[PDB]
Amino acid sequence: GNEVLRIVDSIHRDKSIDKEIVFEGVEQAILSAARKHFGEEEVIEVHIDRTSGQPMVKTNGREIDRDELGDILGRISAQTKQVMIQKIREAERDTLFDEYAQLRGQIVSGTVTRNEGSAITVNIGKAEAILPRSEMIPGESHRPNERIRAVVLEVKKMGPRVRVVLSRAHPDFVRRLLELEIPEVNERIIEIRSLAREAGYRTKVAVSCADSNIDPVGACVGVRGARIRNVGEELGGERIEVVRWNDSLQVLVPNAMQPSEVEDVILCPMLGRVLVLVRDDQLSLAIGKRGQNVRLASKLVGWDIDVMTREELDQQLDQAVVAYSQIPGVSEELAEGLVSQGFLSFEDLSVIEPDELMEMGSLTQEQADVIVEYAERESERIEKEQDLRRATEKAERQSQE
């Protein structure tokens, strides 16, 4: 009876975990002891009264004799010991899973305990969480016994301990921080529609407002744009661009292509690609340093952005027709049809939907597959031909001697 109360207090004082988890653990220990004795045939349930501590064990809804119940309670409480703790830790893991699994995408804070190159262990005080390399903001310094916060990436239960994976590199981290820093966002006045992030470098934010007379970007900017930079400094100097969200790609895409200016926006649904026309002087700015700009603009919009000028597009259309005409089974009319729909290289043709290629050229299943195989081969040959020329230009290292 009260022998159970002695145990639940002893573990609670030692292992430093609350009684309710311990009670559940002891119950599962009694239950397992009851399963082994009575067998798997009868349905078994166990309950321990919290106040008194007296175990209630039922088999198929029926109580069990005090005799056999005494054998069960003495087969557990007696040291043999760590098996019960395995049930208690299993209960703790189940509880911590329930709480943290609902917290996915949400900011959690803690202190750094151990730091290796591969991962960082953070103590949030209920349990130890790990921050892996992939989820880290590059070059950041996190030392033992220091305050740190991040978003919960995922929660899994594997061993008899709960695994909580964090991220400072996830887009959701920026989204949360913006909600905290900008009162218009946490008051729901301004909404964050879309987000595109390269962690530690640049993040594009598309926002909108229910009120049409309200400028959503200007609301986020505020006076000096200080609140936006505050989030950026928390990310280690990550650049944050806030733009205006729109349901039309004729609006949203030029907005996402900022600072660069856009002439024409062409939609190519079959390739899932938006073709953006940009003048020569704006070409470098449109792409970005390593191509960061368009890359982020693509994530933000949800399409594939291909930036070209008008002159090099006209050149691209002419060559694409001649190239596609080389393939037997591709008529000049069908070749022009592909180019008109946004297909330029052989890479684009190889990834075409067979069904769509059949309708456009009035082709059978066999004829469609054959064409695709040509595009695959030709794309592959073009790539290795470029590598050839690239390698033979590297053969000019003999210009030393």
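Start at 1 and count along the sequence shown; that's the residue number.
Unmodelled stretch separating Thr80 from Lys81: 1 to 3 residues (count of deposited-sequence residues without coordinates). As recorded in the PDB entry, 8 to 16 is the stretch of 382 to 390 and 8 to 16 with the greater mean C-alpha temperature factor.
Legend: mean Cα B-factor per stretch from the PDB entry, 269 to 277 versus 177 to 185; the higher mean is in 269 to 277. Of the candidates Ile64, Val372, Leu31, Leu344, it is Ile64 whose Cα B-factor is highest according to the PDB record.
The PDB entry assigns its highest CA temperature factor, among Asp215, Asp304, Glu116, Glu92, to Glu116. The deposited CA B-factor of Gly232 belongs to the lowest third of values across its chain. Annotation for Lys289: C-alpha temperature factor in the highest third relative to the rest of the modelled chain, per the entry. Ranked by C-alpha B-factor against the other modelled residues of its chain, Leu73 falls in the highest third.
When the modelled residues of the chain are ordered by their C-alpha B factor, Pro160 lands in the highest third. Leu153: CA B factor in the lowest third of modelled residues in this chain (values from the PDB entry).
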